[PDB]
């Protein structure tokens, strides 16, 4: 009757492991969290130079990115705790094979069920955080679209904004000395001969270039936020399936007798299945700050 018991336990461990791996090898990897962290820290740059409307957008975008990041870490710390429970519990599971008996088999059953049970609990808590993270990415992406529209309007050659900058640069250059340099918006530095229009219509292309690069930046962020959103959505969807499968597996395990006459292969296969999740959990915790 062993091979059914073996099936159940292997499936239990591998299923739990696969859910953990949706964080460990998917979420932690395919979303550029680090890039987002750098971006958040930079977004206040040049805040006073944006139009009133653009400024509000950029600000709101920053907050929403901070929230998305905060929520992914909230998810991470919940799953971390499960990982820590799983790694110690599965090591005990492995050791209980030593000088096996019916008591130890019963102990193994309690251990597996706890790992599954704690898993369902923690992963479900984590889902709520992932959903919020998702909704903040989504709201951010919408605002990034509005911002792109706002900037096209602002940076348009015939706009009040753009003209207000062209003449500011001109005034400073006429009030300055020849063969100097003039500072513009968003960091721009220009040579006196470009600004004063010694060669007419050659200052504007410099301003256009700067403003376009600002817009290109927000477009790159938009593309990256949109992709992050699909990826987080795909993971949390897949997690809903896996959480439910863990639930069915827990119920089956509860009605499963662990004490049987396992052959050598079966023992090895069971130990290996447990070891693999232990490794996954250790790699996860180490990435998220677990110190030796």
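Positions refer to the first chain, counted from 1.
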(Q) Tell me which stretch has the larger mean Cα B-factor in this entry, 113 to 121 or 156 to 164. (A) 156 to 164
Q: State which stretch shows the higher mean Cα B factor in the entry: 171 to 179 or 88 to 96.
A: 171 to 179
Q) Which has the highest CA B-factor per the PDB entry: 229, 256, 29, 63? A) 256
(Q) Checking the record values for 77, 129, 193, 219, which has the greatest CA B factor? (A) 193
Q | CA B-factor placement of residue 249, once the chain's modelled residues are sorted into thirds | A | highest
Q. Lowest, middle or highest third of the chain for the C-alpha temperature factor of residue 260?
A. highest
**Q.** Position of residue 5 among the chain's modelled residues by C-alpha B-factor, lowest, middle or highest third
**A.** middle
**Q.** residue 236 - which third its CA temperature factor falls in, relative to the rest of the chain
**A.** middle
Q. If you rank every modelled residue in this chain by C-alpha B factor, which third holds residue 39: lowest, middle or highest?
A. lowest
